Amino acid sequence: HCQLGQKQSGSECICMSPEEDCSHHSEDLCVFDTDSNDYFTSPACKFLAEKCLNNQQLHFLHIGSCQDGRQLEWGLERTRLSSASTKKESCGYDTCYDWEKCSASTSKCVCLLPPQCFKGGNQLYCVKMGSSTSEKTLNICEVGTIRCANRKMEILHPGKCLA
């Protein structure tokens, strides 16, 4: 009945304590901390208790203990972009943003491809994409799918291109 990181207490449904209620085993996660600006391995029990307690500076990177690589690197780029996202969809341990679909069968945030982006009323950005001298206007979903693809681009300013 109770949500992730929570525990039943006297008909209430309160958060868990990371240092008291996680003496059992749980799978290792790789997590990032905005304050210290370092990532580290953490038990899933402690991480979910922290997110119940609104530790917004703590972000999910990937399942298992930390391994450097592109997937870890992209996890750090997600965190810097997450302030620009209006969707904050819970998805397993992760939180999916405007440029991602929650894959329910795997509990993984999966980056959309650019043509899947619903423009709607998303915030626009003027950008230049590498090896070119022609500005283009992109919304935040589009920008996120491009960074996820590891594609060369530079943002120039918020809002549509003035040209």
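All residue numbers refer to positions in the sequence shown, first residue = 1.
Note on 53 to 61 vs 106 to 114: mean CA B-factor is higher in 53 to 61. Between 19 to 27 and 149 to 157, the higher mean Cα B-factor belongs to 149 to 157. Comparing the listed residues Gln67, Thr95, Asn37, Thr41, the entry records the largest Cα B-factor for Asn37.
In this entry, the residue among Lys46, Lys136, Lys119, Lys101 with the greatest C-alpha B factor is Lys136.
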